[PDB]
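In structure tokens, the next block holds one chain alone, the form deposited in one PDB entry.
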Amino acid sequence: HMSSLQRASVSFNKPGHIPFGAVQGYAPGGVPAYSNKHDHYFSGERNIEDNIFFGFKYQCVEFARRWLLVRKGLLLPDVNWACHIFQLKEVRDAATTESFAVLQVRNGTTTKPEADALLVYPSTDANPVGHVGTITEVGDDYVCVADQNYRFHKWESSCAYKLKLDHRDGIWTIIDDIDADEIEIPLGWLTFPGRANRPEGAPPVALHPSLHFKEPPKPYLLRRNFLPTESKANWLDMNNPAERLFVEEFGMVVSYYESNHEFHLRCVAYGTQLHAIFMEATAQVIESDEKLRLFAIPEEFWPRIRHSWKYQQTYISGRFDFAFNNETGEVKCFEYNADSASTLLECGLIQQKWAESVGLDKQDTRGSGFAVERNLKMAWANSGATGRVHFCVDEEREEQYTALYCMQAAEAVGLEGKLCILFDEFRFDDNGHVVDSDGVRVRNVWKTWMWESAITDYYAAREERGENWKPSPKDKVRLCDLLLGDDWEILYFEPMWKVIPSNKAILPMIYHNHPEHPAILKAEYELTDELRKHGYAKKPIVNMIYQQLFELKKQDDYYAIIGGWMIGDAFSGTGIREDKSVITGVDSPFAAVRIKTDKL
């Protein structure tokens, strides 16, 4: 049956991927494998039951640990990377806690692999953490693997996939060549000699209490002053235009913020959790007329904004503004600026190149925007944009270096980019479609231009041209033609619906829906007695909302506000702007954040 969509509606819930948390299937013994959504996802959420830390929701080591517990009654110890499992000489018995000797068997030897063994993939460029799975079965020319975070389909059988097992000249080699442009060969597998499987349908064992999870340390975000002895004089590459424009706008004992890992996890979980919460509320807003009114969206744009919502469920960037209190441990989110990507480059790149220009870069501390570029290539990869992408900005260096930084990411995943300052790149063709000067019809637009500016330019265009108007090649292309043209299937990065979560009117909605959430401040459409007592700010819609206040603590006399980035659908990094009096966007210093990693 029928569809008006000519180009297919896009989304981040891809085909051949079931949603986060859904069961893909069961390993022999009834061990559930859960979907991690897609292969770059990180929930930041621990899986814990009766004080037993199984691992991170749903990453690969988590399935191994849970599986080994259910299947052989053994507790897999803590390991930084999946690949480090292959160097393990012993695991623990869940009851006695005593050590249990494992046997490392290597791939590509005269030893045939066997079932109920932990298969381990090595560390490599495009899989730098490695991987672990479970051999469930072994045939004459294949093995079967059960795992998490490799394939995201619904399991047909009792394993995620089969893998080739080569046998030549008396040597057995498991090869993973499913995708033959990314062939992979596991180190080998661990076996557990003398420990029989538990009877299928047996209940889960209970663990010795001394094997409970240790409460992790408190999150901290500490301002520190550095003693640099190895300084680089000129550090930003002027050949990379993004770095060049940035230097052209501003200029080339020092200071920074240091977080521990736990603070970083809290941001990943809180940010990811808030993203879902904002999106949910957006659906509420979209399906309600009364609310579209409340958000000051003119009624003439309701069908188009609803189109946007149904058609394009993909997006590239958004930023939460957090405050963090070291004493109380509280993170609180003010605002989700989900439609202007301001300071992506600072957080994504400049921050790290600054650390490298002083000696702050080490093995033990990692820049808080490490994942931005990888998650930004993924964002484009799964965005749904194919073919050319026009990057449209104003005559301001900030927007250009932002655009270019994204264009790089886009181009790295095979999308053709074209940077467009103002609108003289574009012409109307014979049939009234917007085209670029190579004669290519506009398909995908990334932009800094805001939708409110577009709506305003629209109503001007109406008066200045008349309602009877229809475009022709003699007509010049305005902002509204590019964003609010007759072509509604153009993919926009940041889609029109993105104004909804950025509107403060959504704040009471997300409070009412999820008051329990520790990052959410109380917000109302009308002033309550509760708020008169706790403190409040009267914040407008273009009437107004009332939002709880939150003490903003100082360090070395600096106030700090934290920017948390959603790139595509993955929380991807933090950045801090800093001021002794008032943090005021560009005019305030960017501070670099370093995460102190888990040295066991």
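Just so we're on the same page, rigid core means the largest C-alpha set that superposes within 1.5 Å between forms. Numbers follow the displayed sequence, beginning with 1.
The same protein also has a form deposited in another entry, omitted here; what follows describes it.
- With the two forms fitted on their core, the C-alpha shifts between this form and the one not shown stay under 2 Å for all of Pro495, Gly417, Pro508, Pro122 except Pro122.
- Relative to the superposed core, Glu452 undergoes a Cα shift smaller than 2 Å between this form and the one not shown.
- Residue displacement note: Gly485 has its CA displaced by under 2 Å between this form and the one not shown (rigid core superposed).
- The two forms, fitted on the rigid core, differ between this form and the one not shown by 2 Å or more at the CA of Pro203.
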